[PDB]
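One file, structure_22.cif, carrying mmCIF, C-alpha atoms and all ligand atoms:
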```cif
data_my_file
#
loop_
_atom_site.group_PDB
_atom_site.id
_atom_site.type_symbol
_atom_site.label_atom_id
_atom_site.label_comp_id
_atom_site.auth_asym_id
_atom_site.auth_seq_id
_atom_site.Cartn_x
_atom_site.Cartn_y
_atom_site.Cartn_z
ATOM 1 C CA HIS A 4 -23.853 -37.276 78.322
ATOM 2 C CA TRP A 5 -26.433 -36.178 75.801
ATOM 3 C CA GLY A 6 -28.762 -38.451 73.818
ATOM 4 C CA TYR A 7 -32.400 -39.000 72.893
ATOM 5 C CA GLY A 8 -33.768 -40.600 76.054
ATOM 6 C CA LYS A 9 -36.093 -39.216 78.737
ATOM 7 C CA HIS A 10 -33.234 -38.110 80.912
ATOM 8 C CA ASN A 11 -30.674 -36.883 78.395
ATOM 9 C CA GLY A 12 -32.839 -36.008 75.321
ATOM 10 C CA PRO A 13 -33.553 -32.727 73.404
ATOM 11 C CA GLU A 14 -35.469 -31.117 76.343
ATOM 12 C CA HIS A 15 -32.300 -31.334 78.485
ATOM 13 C CA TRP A 16 -29.682 -30.172 75.968
ATOM 14 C CA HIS A 17 -30.012 -26.498 76.851
ATOM 15 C CA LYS A 18 -28.353 -26.945 80.207
ATOM 16 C CA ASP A 19 -24.967 -27.903 78.696
ATOM 17 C CA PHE A 20 -25.601 -26.080 75.387
ATOM 18 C CA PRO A 21 -27.593 -22.870 76.089
ATOM 19 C CA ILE A 22 -27.666 -22.111 72.357
ATOM 20 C CA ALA A 23 -30.355 -24.834 72.246
ATOM 21 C CA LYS A 24 -32.779 -21.965 72.955
ATOM 22 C CA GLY A 25 -31.051 -19.581 70.431
ATOM 23 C CA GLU A 26 -32.378 -17.438 67.670
ATOM 24 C CA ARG A 27 -31.733 -19.733 64.674
ATOM 25 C CA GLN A 28 -32.112 -23.366 65.868
ATOM 26 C CA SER A 29 -32.906 -26.340 63.658
ATOM 27 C CA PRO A 30 -34.875 -28.241 62.639
ATOM 28 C CA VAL A 31 -38.089 -26.304 61.987
ATOM 29 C CA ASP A 32 -41.499 -26.978 60.570
ATOM 30 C CA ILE A 33 -41.735 -25.860 56.914
ATOM 31 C CA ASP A 34 -45.132 -24.210 56.408
ATOM 32 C CA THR A 35 -45.448 -24.602 52.641
ATOM 33 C CA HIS A 36 -48.062 -21.910 52.439
ATOM 34 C CA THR A 37 -45.935 -19.245 54.151
ATOM 35 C CA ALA A 38 -42.681 -20.102 52.271
ATOM 36 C CA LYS A 39 -42.097 -17.605 49.528
ATOM 37 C CA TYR A 40 -40.602 -18.256 46.108
ATOM 38 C CA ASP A 41 -37.318 -16.422 45.850
ATOM 39 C CA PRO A 42 -36.335 -15.267 42.383
ATOM 40 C CA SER A 43 -32.888 -14.168 43.730
ATOM 41 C CA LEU A 44 -31.910 -17.864 44.187
ATOM 42 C CA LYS A 45 -29.278 -19.042 41.673
ATOM 43 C CA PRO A 46 -29.547 -22.586 40.264
ATOM 44 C CA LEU A 47 -28.436 -25.295 42.852
ATOM 45 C CA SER A 48 -25.372 -27.297 41.798
ATOM 46 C CA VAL A 49 -24.692 -30.687 43.457
ATOM 47 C CA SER A 50 -21.410 -32.003 42.006
ATOM 48 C CA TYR A 51 -20.651 -35.415 43.470
ATOM 49 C CA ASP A 52 -18.878 -37.215 40.615
ATOM 50 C CA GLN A 53 -15.496 -37.267 42.294
ATOM 51 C CA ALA A 54 -16.791 -37.966 45.809
ATOM 52 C CA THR A 55 -14.367 -40.150 47.789
ATOM 53 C CA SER A 56 -15.912 -42.007 50.744
ATOM 54 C CA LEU A 57 -13.620 -43.543 53.346
ATOM 55 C CA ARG A 58 -15.327 -44.978 56.386
ATOM 56 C CA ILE A 59 -18.638 -45.497 58.174
ATOM 57 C CA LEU A 60 -18.770 -44.901 61.961
ATOM 58 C CA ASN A 61 -21.407 -45.582 64.647
ATOM 59 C CA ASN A 62 -20.929 -42.575 66.952
ATOM 60 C CA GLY A 63 -23.545 -43.619 69.480
ATOM 61 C CA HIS A 64 -26.056 -41.091 68.045
ATOM 62 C CA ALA A 65 -26.273 -41.954 64.397
ATOM 63 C CA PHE A 66 -23.828 -43.349 61.825
ATOM 64 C CA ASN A 67 -21.629 -41.136 59.649
ATOM 65 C CA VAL A 68 -20.431 -41.955 56.150
ATOM 66 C CA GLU A 69 -17.175 -39.995 56.074
ATOM 67 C CA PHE A 70 -15.519 -38.489 52.975
ATOM 68 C CA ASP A 71 -12.003 -37.371 52.099
ATOM 69 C CA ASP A 72 -12.364 -33.624 51.971
ATOM 70 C CA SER A 73 -8.631 -32.832 51.355
ATOM 71 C CA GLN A 74 -9.141 -31.929 47.665
ATOM 72 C CA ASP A 75 -11.789 -30.061 45.754
ATOM 73 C CA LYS A 76 -14.065 -33.051 44.922
ATOM 74 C CA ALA A 77 -17.729 -33.314 45.958
ATOM 75 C CA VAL A 78 -19.108 -29.790 46.167
ATOM 76 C CA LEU A 79 -22.382 -27.958 46.651
ATOM 77 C CA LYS A 80 -22.798 -24.453 45.314
ATOM 78 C CA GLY A 81 -25.417 -22.120 43.869
ATOM 79 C CA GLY A 82 -28.984 -21.684 45.256
ATOM 80 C CA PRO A 83 -28.649 -19.558 48.390
ATOM 81 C CA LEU A 84 -24.911 -20.185 48.797
ATOM 82 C CA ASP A 85 -22.092 -17.799 48.206
ATOM 83 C CA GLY A 86 -19.055 -19.744 47.109
ATOM 84 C CA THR A 87 -18.227 -23.478 47.343
ATOM 85 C CA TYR A 88 -18.995 -25.928 50.109
ATOM 86 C CA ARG A 89 -17.193 -29.315 50.314
ATOM 87 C CA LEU A 90 -18.874 -32.581 51.397
ATOM 88 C CA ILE A 91 -17.431 -34.020 54.649
ATOM 89 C CA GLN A 92 -20.043 -36.607 55.770
ATOM 90 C CA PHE A 93 -23.588 -37.732 55.633
ATOM 91 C CA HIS A 94 -25.836 -39.277 58.228
ATOM 92 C CA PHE A 95 -29.501 -39.940 58.948
ATOM 93 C CA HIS A 96 -32.129 -39.515 61.584
ATOM 94 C CA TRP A 97 -35.006 -42.045 61.822
ATOM 95 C CA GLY A 98 -37.859 -43.316 63.919
ATOM 96 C CA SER A 99 -38.935 -46.411 65.814
ATOM 97 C CA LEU A 100 -42.055 -46.477 63.604
ATOM 98 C CA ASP A 101 -42.599 -45.338 59.989
ATOM 99 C CA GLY A 102 -44.868 -42.455 61.228
ATOM 100 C CA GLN A 103 -41.949 -40.453 62.663
ATOM 101 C CA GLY A 104 -38.249 -39.990 62.240
ATOM 102 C CA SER A 105 -37.528 -36.838 60.304
ATOM 103 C CA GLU A 106 -36.257 -33.603 61.975
ATOM 104 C CA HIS A 107 -37.766 -31.086 59.607
ATOM 105 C CA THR A 108 -41.469 -31.439 59.072
ATOM 106 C CA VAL A 109 -43.594 -30.243 56.175
ATOM 107 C CA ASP A 110 -46.923 -28.716 57.248
ATOM 108 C CA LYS A 111 -46.309 -30.661 60.545
ATOM 109 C CA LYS A 112 -45.908 -33.969 58.577
ATOM 110 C CA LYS A 113 -43.130 -36.232 59.915
ATOM 111 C CA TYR A 114 -41.382 -38.406 57.365
ATOM 112 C CA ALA A 115 -39.916 -41.877 58.321
ATOM 113 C CA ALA A 116 -36.362 -40.516 58.221
ATOM 114 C CA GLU A 117 -34.159 -37.720 56.959
ATOM 115 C CA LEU A 118 -30.739 -37.713 55.321
ATOM 116 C CA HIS A 119 -28.239 -34.901 56.029
ATOM 117 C CA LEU A 120 -25.324 -34.326 53.620
ATOM 118 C CA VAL A 121 -22.973 -31.941 55.462
ATOM 119 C CA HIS A 122 -20.588 -29.546 53.700
ATOM 120 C CA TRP A 123 -18.223 -26.766 54.840
ATOM 121 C CA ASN A 124 -17.471 -23.449 53.194
ATOM 122 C CA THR A 125 -14.058 -23.736 51.582
ATOM 123 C CA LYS A 127 -13.348 -20.016 52.305
ATOM 124 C CA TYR A 128 -12.673 -21.167 55.940
ATOM 125 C CA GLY A 129 -10.010 -23.772 55.222
ATOM 126 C CA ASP A 130 -11.541 -26.697 57.119
ATOM 127 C CA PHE A 131 -14.572 -27.809 59.092
ATOM 128 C CA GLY A 132 -13.285 -26.684 62.478
ATOM 129 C CA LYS A 133 -12.766 -23.060 61.410
ATOM 130 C CA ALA A 134 -16.035 -23.153 59.394
ATOM 131 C CA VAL A 135 -18.063 -23.859 62.558
ATOM 132 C CA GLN A 136 -16.834 -20.526 64.011
ATOM 133 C CA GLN A 137 -18.729 -18.701 61.236
ATOM 134 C CA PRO A 138 -22.406 -17.857 60.607
ATOM 135 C CA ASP A 139 -22.120 -19.147 57.021
ATOM 136 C CA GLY A 140 -19.648 -21.945 57.650
ATOM 137 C CA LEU A 141 -21.815 -24.964 56.746
ATOM 138 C CA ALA A 142 -24.468 -26.055 54.288
ATOM 139 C CA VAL A 143 -26.606 -29.144 54.900
ATOM 140 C CA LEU A 144 -28.608 -30.726 52.126
ATOM 141 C CA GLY A 145 -31.598 -32.390 53.786
ATOM 142 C CA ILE A 146 -33.542 -35.166 52.055
ATOM 143 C CA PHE A 147 -36.710 -36.834 53.404
ATOM 144 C CA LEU A 148 -37.208 -40.620 53.330
ATOM 145 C CA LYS A 149 -40.604 -42.317 53.008
ATOM 146 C CA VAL A 150 -41.271 -46.064 53.117
ATOM 147 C CA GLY A 151 -42.273 -47.608 49.809
ATOM 148 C CA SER A 152 -40.015 -49.003 47.041
ATOM 149 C CA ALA A 153 -36.416 -49.752 47.896
ATOM 150 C CA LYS A 154 -33.661 -47.231 47.054
ATOM 151 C CA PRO A 155 -31.000 -49.316 45.349
ATOM 152 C CA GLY A 156 -28.303 -46.783 46.015
ATOM 153 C CA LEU A 157 -28.879 -47.080 49.755
ATOM 154 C CA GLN A 158 -28.416 -50.843 49.918
ATOM 155 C CA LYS A 159 -24.576 -50.734 50.305
ATOM 156 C CA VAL A 160 -25.106 -48.638 53.439
ATOM 157 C CA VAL A 161 -27.776 -50.993 54.815
ATOM 158 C CA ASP A 162 -25.612 -54.047 54.272
ATOM 159 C CA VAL A 163 -22.630 -52.665 56.166
ATOM 160 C CA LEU A 164 -24.665 -51.828 59.310
ATOM 161 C CA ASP A 165 -24.295 -55.318 60.813
ATOM 162 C CA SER A 166 -20.549 -54.582 61.101
ATOM 163 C CA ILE A 167 -21.004 -51.365 63.075
ATOM 164 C CA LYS A 168 -23.849 -52.271 65.423
ATOM 165 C CA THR A 169 -22.492 -50.583 68.514
ATOM 166 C CA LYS A 170 -21.059 -47.177 69.506
ATOM 167 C CA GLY A 171 -17.419 -46.661 68.527
ATOM 168 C CA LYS A 172 -17.369 -49.295 65.812
ATOM 169 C CA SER A 173 -16.341 -48.323 62.242
ATOM 170 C CA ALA A 174 -15.834 -50.093 58.912
ATOM 171 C CA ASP A 175 -14.032 -49.312 55.702
ATOM 172 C CA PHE A 176 -16.486 -47.688 53.358
ATOM 173 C CA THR A 177 -14.750 -46.761 50.149
ATOM 174 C CA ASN A 178 -16.191 -46.107 46.675
ATOM 175 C CA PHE A 179 -19.719 -45.314 47.833
ATOM 176 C CA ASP A 180 -21.508 -42.925 45.451
ATOM 177 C CA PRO A 181 -23.781 -40.463 47.166
ATOM 178 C CA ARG A 182 -25.429 -39.547 43.847
ATOM 179 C CA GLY A 183 -27.553 -42.699 44.383
ATOM 180 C CA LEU A 184 -29.287 -41.113 47.408
ATOM 181 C CA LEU A 185 -30.728 -38.078 45.530
ATOM 182 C CA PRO A 186 -34.284 -37.739 44.299
ATOM 183 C CA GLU A 187 -35.019 -36.534 40.705
ATOM 184 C CA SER A 188 -35.945 -32.961 41.551
ATOM 185 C CA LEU A 189 -33.685 -30.409 43.227
ATOM 186 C CA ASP A 190 -36.657 -28.156 44.194
ATOM 187 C CA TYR A 191 -35.960 -27.038 47.773
ATOM 188 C CA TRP A 192 -36.691 -24.792 50.747
ATOM 189 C CA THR A 193 -33.912 -22.843 52.422
ATOM 190 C CA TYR A 194 -33.385 -20.982 55.687
ATOM 191 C CA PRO A 195 -30.578 -20.197 58.136
ATOM 192 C CA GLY A 196 -30.258 -22.517 61.105
ATOM 193 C CA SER A 197 -28.051 -24.801 63.126
ATOM 194 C CA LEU A 198 -26.563 -28.215 63.743
ATOM 195 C CA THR A 199 -29.379 -30.396 65.157
ATOM 196 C CA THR A 200 -27.192 -32.190 67.702
ATOM 197 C CA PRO A 201 -24.921 -30.723 70.395
ATOM 198 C CA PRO A 202 -23.100 -28.443 70.183
ATOM 199 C CA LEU A 203 -26.072 -27.044 68.179
ATOM 200 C CA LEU A 204 -23.878 -24.402 66.461
ATOM 201 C CA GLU A 205 -25.649 -21.699 64.382
ATOM 202 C CA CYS A 206 -23.553 -22.042 61.233
ATOM 203 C CA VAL A 207 -25.769 -23.784 58.764
ATOM 204 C CA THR A 208 -27.567 -22.772 55.579
ATOM 205 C CA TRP A 209 -30.219 -25.471 55.309
ATOM 206 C CA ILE A 210 -31.347 -26.669 51.852
ATOM 207 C CA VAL A 211 -34.240 -29.142 52.303
ATOM 208 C CA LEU A 212 -35.383 -30.900 49.119
ATOM 209 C CA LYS A 213 -39.107 -31.059 48.514
ATOM 210 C CA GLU A 214 -39.120 -34.483 46.870
ATOM 211 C CA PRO A 215 -38.533 -37.401 49.262
ATOM 212 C CA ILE A 216 -36.731 -40.539 48.292
ATOM 213 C CA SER A 217 -38.478 -43.897 48.803
ATOM 214 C CA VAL A 218 -36.735 -46.589 50.793
ATOM 215 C CA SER A 219 -38.150 -50.008 51.605
ATOM 216 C CA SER A 220 -39.564 -51.079 54.901
ATOM 217 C CA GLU A 221 -36.742 -53.719 55.014
ATOM 218 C CA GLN A 222 -34.078 -51.007 54.562
ATOM 219 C CA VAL A 223 -35.411 -48.789 57.396
ATOM 220 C CA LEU A 224 -35.878 -51.876 59.663
ATOM 221 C CA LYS A 225 -32.139 -52.563 59.363
ATOM 222 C CA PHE A 226 -31.387 -48.961 60.520
ATOM 223 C CA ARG A 227 -33.458 -49.713 63.632
ATOM 224 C CA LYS A 228 -31.244 -52.709 64.530
ATOM 225 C CA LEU A 229 -28.331 -50.411 65.296
ATOM 226 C CA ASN A 230 -27.515 -49.710 68.939
ATOM 227 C CA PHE A 231 -26.816 -46.458 70.873
ATOM 228 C CA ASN A 232 -24.873 -48.506 73.448
ATOM 229 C CA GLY A 233 -21.323 -49.855 73.111
ATOM 230 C CA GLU A 234 -20.305 -53.510 72.698
ATOM 231 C CA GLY A 235 -20.988 -55.586 75.817
ATOM 232 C CA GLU A 236 -23.494 -53.021 77.196
ATOM 233 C CA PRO A 237 -27.278 -53.501 77.531
ATOM 234 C CA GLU A 238 -29.069 -53.075 74.249
ATOM 235 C CA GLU A 239 -30.714 -49.743 73.577
ATOM 236 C CA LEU A 240 -31.823 -49.720 69.975
ATOM 237 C CA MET A 241 -30.744 -46.676 67.855
ATOM 238 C CA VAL A 242 -34.222 -45.369 67.036
ATOM 239 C CA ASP A 243 -35.874 -41.948 67.333
ATOM 240 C CA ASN A 244 -32.572 -40.089 67.058
ATOM 241 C CA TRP A 245 -34.352 -36.937 65.837
ATOM 242 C CA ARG A 246 -34.671 -33.476 67.410
ATOM 243 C CA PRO A 247 -38.189 -32.002 67.147
ATOM 244 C CA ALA A 248 -38.987 -28.796 65.354
ATOM 245 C CA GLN A 249 -37.796 -25.597 67.124
ATOM 246 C CA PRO A 250 -39.247 -22.070 67.075
ATOM 247 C CA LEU A 251 -38.873 -20.228 63.763
ATOM 248 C CA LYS A 252 -38.220 -16.887 65.518
ATOM 249 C CA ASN A 253 -37.175 -14.118 63.107
ATOM 250 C CA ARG A 254 -36.699 -16.299 60.061
ATOM 251 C CA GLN A 255 -38.286 -16.763 56.686
ATOM 252 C CA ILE A 256 -38.247 -19.961 54.677
ATOM 253 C CA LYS A 257 -37.659 -19.384 50.990
ATOM 254 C CA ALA A 258 -38.696 -21.715 48.101
ATOM 255 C CA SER A 259 -36.690 -22.310 45.014
ATOM 256 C CA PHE A 260 -39.797 -23.137 42.968
ATOM 257 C CA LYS A 261 -42.924 -21.322 41.947
HETATM 258 O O1 LIG A 301 -29.730 -41.761 73.083
HETATM 259 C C1 LIG A 301 -29.622 -42.296 74.213
HETATM 260 O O2 LIG A 301 -28.549 -42.302 74.925
HETATM 261 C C2 LIG A 301 -30.863 -43.010 74.803
HETATM 262 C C3 LIG A 301 -30.735 -43.504 76.109
HETATM 263 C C4 LIG A 301 -31.848 -44.130 76.684
HETATM 264 O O3 LIG A 301 -31.733 -44.598 77.973
HETATM 265 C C5 LIG A 301 -33.058 -44.300 75.993
HETATM 266 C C6 LIG A 301 -33.208 -43.821 74.682
HETATM 267 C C7 LIG A 301 -32.101 -43.170 74.119
HETATM 268 O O4 LIG A 301 -32.293 -42.603 72.653
HETATM 269 O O1 LIG A 302 -25.516 -32.199 61.759
HETATM 270 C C1 LIG A 302 -25.107 -32.235 62.983
HETATM 271 O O2 LIG A 302 -25.818 -32.040 63.994
HETATM 272 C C2 LIG A 302 -23.630 -32.268 63.192
HETATM 273 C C3 LIG A 302 -23.050 -32.142 64.455
HETATM 274 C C4 LIG A 302 -21.669 -32.143 64.576
HETATM 275 O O3 LIG A 302 -21.146 -31.935 65.817
HETATM 276 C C5 LIG A 302 -20.840 -32.266 63.502
HETATM 277 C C6 LIG A 302 -21.412 -32.370 62.237
HETATM 278 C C7 LIG A 302 -22.755 -32.395 62.112
HETATM 279 O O4 LIG A 302 -23.304 -32.497 60.877
HETATM 280 ZN ZN ZN A 303 -28.429 -34.549 61.095
#
```

Could you render the structure from this file as structure tokens?
Ligand SMILES: O=C(O)c1cc(O)ccc1O
Ligand SMILES: O=C(O)c1cc(O)ccc1O
Ligand SMILES: [Zn+2]
Amino acid sequence: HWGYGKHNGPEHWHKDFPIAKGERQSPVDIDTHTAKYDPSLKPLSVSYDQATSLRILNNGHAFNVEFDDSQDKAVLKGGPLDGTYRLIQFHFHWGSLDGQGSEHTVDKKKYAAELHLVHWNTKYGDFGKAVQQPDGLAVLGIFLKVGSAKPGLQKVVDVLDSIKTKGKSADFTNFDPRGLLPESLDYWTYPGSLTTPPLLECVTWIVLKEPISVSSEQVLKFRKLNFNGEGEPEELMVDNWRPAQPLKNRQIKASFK
């Protein structure tokens, strides 16, 4: 099945998922000079005070922090979005080295990692119906650079030893995703896709300009995770990023002047 290796990585995905070569694939490179400020963007609203985390799962590709999305509780709205999108999970992509790891790039610059907070449009009832729609999802993308530690990430780092291998999960209640956000909500936005199979073209991407800093020790613990299952040969979970895809007939808009 699919993965990030030589024989099952991003260059092979198109054979099972032809949309890999579609008209609005993600990630992309963000050319900061070509992005245009958009005065029609409404203020972005990230409302995570009642977020209710449940569980953290190693899915053999990344790890997901999963949320209870059964009530109206952790929502993203405003900016380019019409209506209200509800948080369902977050996950990361990261490298084997600090020089690479992010999926989006900024003027071809790769950050050490990238955080994706995934939300579905509540007009569609749940995530499964949302991913049948061109505006079903919104992903808030946040770059990570290596420098000072991010204190709000440490509860994630410390639980990773308990989910080292594919299929393992752990209770992960009361985690506050507000502690993962940078100061500024300045962002770039464009229409694109999920960045793993099935690569569905449902996503309004909102990529924050300001990275968060995490420590070298925090990212090193991400790289101790495994893609393999328990009792299988070790294949460290590193370089679980898809490279930038063709922009095609898209424009990237900036929320800032
Ligand atoms: O993601 C995978 O399944 C994978 C498998 C490999 O054999 C080597 C690197 C990988 O990232
Ligand atoms: O971001 C992704 O690639 C993604 C893929 C899925 O199949 C489900 C949720 C996701 O967020
Ligand atoms: Zn992702």

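The result of the PyMOL selection byres (((not hetatm)) within 9 of (chain A and resi 301)) on the shown file is residues 4, 5, 6, 7, 8, 9, 10, 11, 12, 63, 64, 231, 232, 239, 240, 241, 242, 243 and 244 of chain A.
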
Give the centre and edge lengths of an axis-aligned box, in Å to one decimal, that holds all listed atoms of ligand LIG 302 (chain A) with 6 Å on each side, as AutoDock Vina command-line options.
```
--center_x -23.3 --center_y -32.2 --center_z 63.3 --size_x 17.0 --size_y 12.6 --size_z 16.9
```

Return as a ChimeraX atom specification every polymer residue, whether protein, DNA or RNA, with at least one atom no more than 12 Å from an atom of ligand ZN 303 (chain A); count all atoms listed in the file.
-> /A:29-30,64-68,92-97,104-107,116-122,142-147,197-201,203,207,209,211,244-247

Neighbour residues at most 6 Å from (-29.6, -49.0, 58.4) (only C-alpha atoms) as a PyMOL selection string = chain A and resi 161+164+223+225-226

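Distance check against residue 156 of chain A using all atoms listed in the file: of A:195, A:138, A:186, A:129, the minimum falls on A:186.
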
Could you list, as a CSV table (one decimal) with C-alpha atoms, keeping the file's coordinate frame, every residue matched by the PyMOL selection byres (((chain A and resi 72) around 9) and not hetatm) in this structure?
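So the final result, stored in result.csv, reads:
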```csv
chain,number,residue,atom,x,y,z
A,54,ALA,CA,-16.8,-38.0,45.8
A,55,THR,CA,-14.4,-40.2,47.8
A,69,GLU,CA,-17.2,-40.0,56.1
A,70,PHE,CA,-15.5,-38.5,53.0
A,71,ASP,CA,-12.0,-37.4,52.1
A,73,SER,CA,-8.6,-32.8,51.4
A,74,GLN,CA,-9.1,-31.9,47.7
A,75,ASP,CA,-11.8,-30.1,45.8
A,76,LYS,CA,-14.1,-33.1,44.9
A,77,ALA,CA,-17.7,-33.3,46.0
A,89,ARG,CA,-17.2,-29.3,50.3
A,90,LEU,CA,-18.9,-32.6,51.4
A,91,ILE,CA,-17.4,-34.0,54.6
A,130,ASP,CA,-11.5,-26.7,57.1
```

Would you fill the gaps in segment 137-151 of chain A so it has N, CA and C atoms, then print it as a PDB file, keeping the file's coordinate frame?
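selection_29.pdb was written with the following content:
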```
ATOM      1  N   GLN A 137     -18.233 -19.759  62.154  1.00  0.00           N
ATOM      2  CA  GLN A 137     -18.729 -18.701  61.236  1.00  0.00           C
ATOM      3  C   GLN A 137     -20.233 -18.878  61.014  1.00  0.00           C
ATOM      4  N   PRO A 138     -20.937 -17.779  60.819  1.00  0.00           N
ATOM      5  CA  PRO A 138     -22.406 -17.857  60.607  1.00  0.00           C
ATOM      6  C   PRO A 138     -22.803 -18.478  59.251  1.00  0.00           C
ATOM      7  N   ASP A 139     -21.872 -18.512  58.320  1.00  0.00           N
ATOM      8  CA  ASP A 139     -22.120 -19.147  57.021  1.00  0.00           C
ATOM      9  C   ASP A 139     -21.075 -20.253  56.758  1.00  0.00           C
ATOM     10  N   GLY A 140     -20.700 -20.952  57.843  1.00  0.00           N
ATOM     11  CA  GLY A 140     -19.648 -21.945  57.650  1.00  0.00           C
ATOM     12  C   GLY A 140     -20.105 -23.265  57.041  1.00  0.00           C
ATOM     13  N   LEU A 141     -21.405 -23.643  57.170  1.00  0.00           N
ATOM     14  CA  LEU A 141     -21.815 -24.964  56.746  1.00  0.00           C
ATOM     15  C   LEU A 141     -23.043 -24.898  55.834  1.00  0.00           C
ATOM     16  N   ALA A 142     -23.207 -25.924  55.000  1.00  0.00           N
ATOM     17  CA  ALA A 142     -24.468 -26.055  54.288  1.00  0.00           C
ATOM     18  C   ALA A 142     -24.873 -27.543  54.415  1.00  0.00           C
ATOM     19  N   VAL A 143     -26.140 -27.765  54.798  1.00  0.00           N
ATOM     20  CA  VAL A 143     -26.606 -29.144  54.900  1.00  0.00           C
ATOM     21  C   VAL A 143     -27.709 -29.330  53.915  1.00  0.00           C
ATOM     22  N   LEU A 144     -27.559 -30.337  53.059  1.00  0.00           N
ATOM     23  CA  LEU A 144     -28.608 -30.726  52.126  1.00  0.00           C
ATOM     24  C   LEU A 144     -29.412 -31.806  52.809  1.00  0.00           C
ATOM     25  N   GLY A 145     -30.694 -31.515  53.026  1.00  0.00           N
ATOM     26  CA  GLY A 145     -31.598 -32.390  53.786  1.00  0.00           C
ATOM     27  C   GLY A 145     -32.572 -33.062  52.853  1.00  0.00           C
ATOM     28  N   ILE A 146     -32.700 -34.380  52.995  1.00  0.00           N
ATOM     29  CA  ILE A 146     -33.542 -35.166  52.055  1.00  0.00           C
ATOM     30  C   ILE A 146     -34.430 -36.069  52.912  1.00  0.00           C
ATOM     31  N   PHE A 147     -35.737 -35.969  52.689  1.00  0.00           N
ATOM     32  CA  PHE A 147     -36.710 -36.834  53.404  1.00  0.00           C
ATOM     33  C   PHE A 147     -36.762 -38.250  52.816  1.00  0.00           C
ATOM     34  N   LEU A 148     -36.983 -39.210  53.707  1.00  0.00           N
ATOM     35  CA  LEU A 148     -37.208 -40.620  53.330  1.00  0.00           C
ATOM     36  C   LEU A 148     -38.602 -41.024  53.766  1.00  0.00           C
ATOM     37  N   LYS A 149     -39.295 -41.670  52.775  1.00  0.00           N
ATOM     38  CA  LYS A 149     -40.604 -42.317  53.008  1.00  0.00           C
ATOM     39  C   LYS A 149     -40.452 -43.795  52.689  1.00  0.00           C
ATOM     40  N   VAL A 150     -41.317 -44.599  53.293  1.00  0.00           N
ATOM     41  CA  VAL A 150     -41.271 -46.064  53.117  1.00  0.00           C
ATOM     42  C   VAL A 150     -42.176 -46.479  51.973  1.00  0.00           C
ATOM     43  N   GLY A 151     -41.541 -47.147  51.026  1.00  0.00           N
ATOM     44  CA  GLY A 151     -42.273 -47.608  49.809  1.00  0.00           C
ATOM     45  C   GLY A 151     -41.315 -48.539  49.041  1.00  0.00           C
TER      46      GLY A 151
END
```
